[PDB]
Every structure is written in structure tokens, then in C-alpha cells.
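In what follows, a structure is listed as C-alpha cells, so that the remarks can point back to it.
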Amino acid sequence: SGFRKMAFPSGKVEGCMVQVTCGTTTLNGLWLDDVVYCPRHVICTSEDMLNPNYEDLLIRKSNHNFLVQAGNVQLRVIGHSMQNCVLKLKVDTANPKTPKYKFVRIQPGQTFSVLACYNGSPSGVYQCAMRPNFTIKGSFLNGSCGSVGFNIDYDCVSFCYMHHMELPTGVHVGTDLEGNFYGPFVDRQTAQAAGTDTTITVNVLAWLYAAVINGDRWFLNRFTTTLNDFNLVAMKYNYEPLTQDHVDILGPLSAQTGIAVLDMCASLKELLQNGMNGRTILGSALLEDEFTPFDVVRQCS
Amino acid sequence: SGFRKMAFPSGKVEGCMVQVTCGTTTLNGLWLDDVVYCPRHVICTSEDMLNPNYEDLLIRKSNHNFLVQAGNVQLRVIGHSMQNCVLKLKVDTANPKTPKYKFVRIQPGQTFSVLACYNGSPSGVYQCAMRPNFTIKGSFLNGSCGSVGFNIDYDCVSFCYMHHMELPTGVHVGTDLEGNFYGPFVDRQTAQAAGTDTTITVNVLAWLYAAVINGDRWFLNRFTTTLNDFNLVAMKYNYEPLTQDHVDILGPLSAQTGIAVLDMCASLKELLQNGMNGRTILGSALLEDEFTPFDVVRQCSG
Ligand SMILES: *C(=N)[C@H](C[C@@H]1CCNC1=O)NC(=O)[C@@H]1[C@@H]2[C@H](CN1C(=O)[C@@H](NC(=O)C(F)(F)F)C(C)(C)C)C2(C)C
Ligand SMILES: *C(=N)[C@H](C[C@@H]1CCNC1=O)NC(=O)[C@@H]1[C@@H]2[C@H](CN1C(=O)[C@@H](NC(=O)C(F)(F)F)C(C)(C)C)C2(C)C
């Protein structure tokens, strides 16, 4: 029993972290085979960040302007190219700790583990949901850029995120491992806003199932709902509409507890219309939307 | 910015996790140098667990009755011994992935990272606080026994916890790496209760500093209080009394924010007296006590 926000073990990702310096800007790089991946803004001075022309900045940099360090050993850069908002530095040595890996683009609502790093040294590990407005609610300080988000399938590391900036609201933004930003963001020090955020409905349902598995039953009843009626109500509370694909993804949790998905939808509709009446669910006073059905299945089975 | 429940990177501990099997019971072991540490109930059947006489069960086991597997590498058990609730299995090979380490016994209020394992394989990492009643609010399924808790100081792993059992309330209990239970529990399948729990006051104050650092200032007021006046209110709401040692540990956060500890105590006193009125702090509708002053400084400065 118990239900906790849990990250994947970070070991295979720790063996890939390196320190990348260019002039007086130092950030983290991801060393996979003989290529180190990092945010391209490592080539910027504090001034350049206001309105950079990255092509003009990169032209002024030679391979010897990049100082890459793996622990205490310097890795010689023998080639360099820019792919969207990431820099790829070809190095003279292939990382012997390179695990099996793939680069993936995650979808809104999906979760990943973040290995927060400083000067190429892993510092912490936590779990994030990619918000519907393409922001994450992380914990990042100066020098944390180049820190990566990932998931693990048995022995394969799927890299889905690299950290680049923090928005005015305090939320965080970054790219996939091909340098393409998630969301309408640019790597420039200018005021940028994210869209209005919405609650991940399928994730709240997954969390209501984790609660029933753990013994919380006060919010259950024999009422039901059509998918359309639930959607008409949920969208008044800024919740995303539930689709058949979402219902299908909740199937294994529904089977495990014996509670039909549309019955849990009726309980959620009631929780939104009535509030929690001074009660808690899994020791929480708010409904939680940062656990996917997969996160609940992995912890409750 | 940001304040998240953060675990230590687990790689150093992942390299020490092994599968230990004795008969039909299988759980996790911690492989450091030529020794494997694991809960002693690995020598029990399900029936034995109801009322075990560990000494009579241990006497029936030989070195070859313990199957230890590191990945696919089978290790050879060349010695065995019981120390309190832990079994030590001497093996014929020193773990080359053994990090620099030490075994500590943590105090109530302190936090640690848990690497949850099943069949000797790491599954997930999370952060727990040792409650004042010596329980932890973890997440553990069958076969998780042997999973360990720890902290990391630069390159040295301080192992402080080994997982053994779950209480009827759904909370978790276990031992230090010497086999000594944290709390008044025994490794036997019989109804056992923990003491009444209390709120870790110093951790609530640390988390209030984390909130101000992050922009949350609505709860700040222009009042101050004394240590004694705060403690009269604390005892009424089942909060631990604040000591000078705890005030001294809040010093760095106090210096970073420019808010005196007794100015933050006045905000806490008002949150307890008036309640939170449905408002949130750091995205929480309830006061959080599972972050130490050390977890806050580590995350909000460096
Ligand atoms: C990477 N090392 C940092 C991570 C930041 C530092 C504070 N917390 C974080 O997550 N990245 C940056 O400093 C980037 C970098 C220039 C400025 N910047 C920002 O994150 C700024 N944000 C923005 O300009 C905004 F709002 F658009 F996201 C900052 C105000 C410093 C937080 C460049 C090249 C974008
Ligand atoms: C070790 N792999 C499990 C971990 C348990 C499984 C469910 N959640 C956990 O943390 N430990 C056990 O199975 C131990 C073990 C026998 C029974 N047991 C228990 O945890 C039971 N609890 C108790 O007996 C109690 F209340 F006293 F703590 C159980 C009811 C199965 C949860 C022994 C030898 C204590």
C-alpha cells in the first residue's frame, strides 16, 4: 500500500551527464556515444541573451571554444552543429556508459522524471507532468540548463526533454532532444506567456482509482453518467473533455477495482459540483492531475 | 524557482541492489564489499511469519540455502549471521560498484530517499520523512522488503533505512542497517500500532521559508511572537514544541530571506489559529512538514 510521486531510478542517465563551458557560460550536456547535446544558449554572453542571432554567434565559435568535462577528464570537441535549439558537439570519445536509448516527443498530460544537474553533476530527481499549455512545474536554479527529462522501459532510456528557461510565472520550458520547443516559446530573454492551463481529467481519474485501491471510498456511489454529460460539466471547471481513448487507457484500473470508468466520472462530476466537504483523498485536500494511468498501474499492481 | 519533493540521484545505490532467495521467499539485499544485508524474514515461510522463532529457523539454514543474484551473476554465499532483524551474507566477491558509504541511524523529523526494488531490480525513487511516531508514509508492494533509504553527502552514501513491513494503518516500518527497528515494532505478522503522530514544526517553518523564496507572501504578517507564546499554541494543535536547536537550524533560511524565525513563527501561529480558509501555499491546501531546513537550503540556494 501507499501512493507516492515516484521518479524512475536515475543511474543510467547519471552516467551521461557532462559539464559544457563556452567562454564564461557553463551548463549541462548529455553525452550519448560520441555526441554531447546541450542548449545552444551556452554560446551566449549575458548580453547576447536579450536578442540573440544564434547563427551569427555560432559562426564565431571554433571547436576549441567548447570546454567539455566528464568528471575530471576533458573531452576534445572535433565537430559541432546546431539542430533547432540544441547544439550537438561531436567528441573524440564515445561514452562507455551509454545506455540503450531513443529520442521521443511526449504529449500533454504525460509524465517524465527530471534529473536536475549543476556543472554536469546530478543533484536531484523528481517527476513532472507536461502541462496542457506545454509548461512543467519543476525546480530549477541557475546553471540547471541541459538537465534532461526521461522515462525508462526495462533497460531503454527514452529522453523526452531538455531544460532551457523559466517563465515569469515560475513555471519551466524546454525542448525535445532534437531542439524543438514544447509550446510557443523561443530561447530569448524576453517576456513570454504560456496559454491558460487546464486540469488533466484522465490523470485525476487515474488518481481517484489509486485512492480506491488504497482504501478511500467515501466519494463512491451508484450514480453513472454518459461521456457527453460528464464533459458538459467538466468543462465548466476548466477540466479537459474525456475522450474514448482516455476511457480505454483507464480500462486496466477499472478492471482491477471493479469500478466502471463512467462510474468514476460520475464521482468526479459530484466532487467538482459539491467540493470535498472538509475531507481528504490520499492525504490531499485538492484533486491531483500529475499521475497518468500508467503511473498508477506501475505503483498499484 | 520551483519547489518540488526531490529525491537524491539513485545510481550509487542501484549498483548495490541484489536478489536474495531462501527456499521459496524472495526479497532484495544490499551488496557492499563482500557482504549482502537483507531482512531476516527471508528465512520464513508465510506460516512462520505469523509467529517466528528466528533462531530455530536460522539453525536449519546453511550457506547454500541462500541464492544471491546480482543481475544474472550468481554470487557464492560463504558465510551467514543474524544481527538483530538483518541477515548478513558473506559472499566470495567484493562488489566493484561499492560506493563510499556509512551506516547512520536517523532521528525523527529527518528525510531520506527510498529506492524501491522488486526481485533485486530498482523500480522507483521517492523521498520520505521519518515521522515522530517512527513510521514512514511510503509506497511498497509485496517483495519490496530489502529496499533501502539513504542520503548522499557529495560522493558518500549514508544508508539509514531497510524496509521490513506495513502497519494496519497503511504506513511503513523498518530498521537501520544494523537491524534495529525504528520504533516499537517486531518483525512478526501480528497487529501492531505506532504512537500518536505529531507535526514536525521545524519542517513546517522550513517549507514556509521555501514558499516566501518562491514568491508566496500572503501569509506574512507585521507581527512577531516569543518562543513560549508560539509553543503554547503549538501544543494545542498537536505541533512539536520549537527548541533553540531548531531555531539555530532555521538560521540560514532566515539569513537568505531576511525574515526572522520568530516573525515566521507569528505567521504559523495565525495559520493555525485562523486556519488556511481554503487558501494555498506552494500549491498545497495543507501545511507541509516533510521537508527539513536542509532540504529547503539544498533546493533554494545550492
Ligand atoms: C538555464 N541554465 C537557465 C535556467 C533558468 C535560470 C533560473 N531558473 C531557470 O530555470 N536558463 C536561462 O537563464 C534562460 C536563458 C536566458 C534567460 N533565461 C531564462 O530562463 C529567463 N526566462 C526568460 O527569458 C523567459 F521568461 F522567456 F522564459 C529568466 C528570466 C532568467 C528566468 C536564455 C538564453 C533564454
Ligand atoms: C516485504 N516484502 C513485505 C512488505 C509489505 C507487503 C505489503 N506492504 C509492505 O510493506 N513485508 C511483509 O510481508 C511483512 C513480513 C511478514 C508480514 N509482513 C507485513 O508487512 C504485514 N504487516 C504486519 O504484520 C504488521 F502489521 F505487523 F506490520 C502485512 C499484513 C503483510 C502487510 C513479516 C515477517 C512481518
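Here is the naming used below: chain letters follow the sequence lines, and residue numbers restart at 1 for every chain.
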Q) Measuring from B/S121:OG to A/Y154:OH, what's the distance to the nearest 0.5 Å? A) 7.5 Å

Q: May I ask you to name which of B/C128, B/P122, B/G15, B/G124 has the most heavy-atom pairs under 4.5 Å with chain A?
A: B/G124

**Q.** Side-chain donor/acceptor of A/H172 to backbone N/O of B/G2, under 3.5 Å
**A.** no

Q. So what's closer than 4.5 Å to chain B heavy atoms on A/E14: side chain, backbone, both or neither?
A. side chain

Q.
Can you tell me how far apart CE (B/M6) and OG (A/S123) are? Round to the nearest 0.5 Å.
A. 6.5 Å

Q: Determine yes or no for a side-chain-to-main-chain donor-acceptor pair under 3.5 angstrom, with B/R4 supplying the side chain and A/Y126 the backbone.
A: no

Q. B/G138, B/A285, B/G283: which one forms the most heavy-atom pairs within less than 4.5 Å of chain A?
A. B/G138

Q: Please state whether the side chain, the backbone, both or neither of A/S113 comes within less than 4.5 Å of a heavy atom of chain B.
A: neither

Q) Within a reach of under 6.0 Å around CG of A/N274, are more than 12 heavy atoms found that belong to other residues, nucleotides or ligands? A) yes

Q) Take atom CG in A/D153; do more than 12 heavy atoms of anything else shown fall under 6.0 Å from it? A) no

Q: Report the distance from atom OG of A/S139 to atom CG of B/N214, rounding to the nearest 0.5 Å.
A: 7.5 Å

Q | Choice from B/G11, B/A7, B/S10, B/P9 maximising heavy atom contacts with chain A below 4.5 Å | A | B/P9

Q.
Let's test your reading of the structure: which of A/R298, A/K12, A/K5 forms the most heavy-atom pairs below 4.5 Å with chain B?
A. A/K5

Q: May I ask you to check whether over 12 heavy atoms, not counting those of A/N72, lie within 6.0 Å of atom CG?
A: no

Q: Measure distances from A/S144 to the heavy atoms of chain B and classify the residue's part below 4.5 Å as side chain, backbone, both or neither.
A: neither

Q) When rounded to the nearest 0.5 angstrom, what is the spacing between OG in B/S284 and CG in A/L286? A) 7.0 Å

Q. Just wondering, are more than 12 heavy atoms of other shown residues or ligands nearer than 6.0 Å to OH in A/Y237?
A. yes

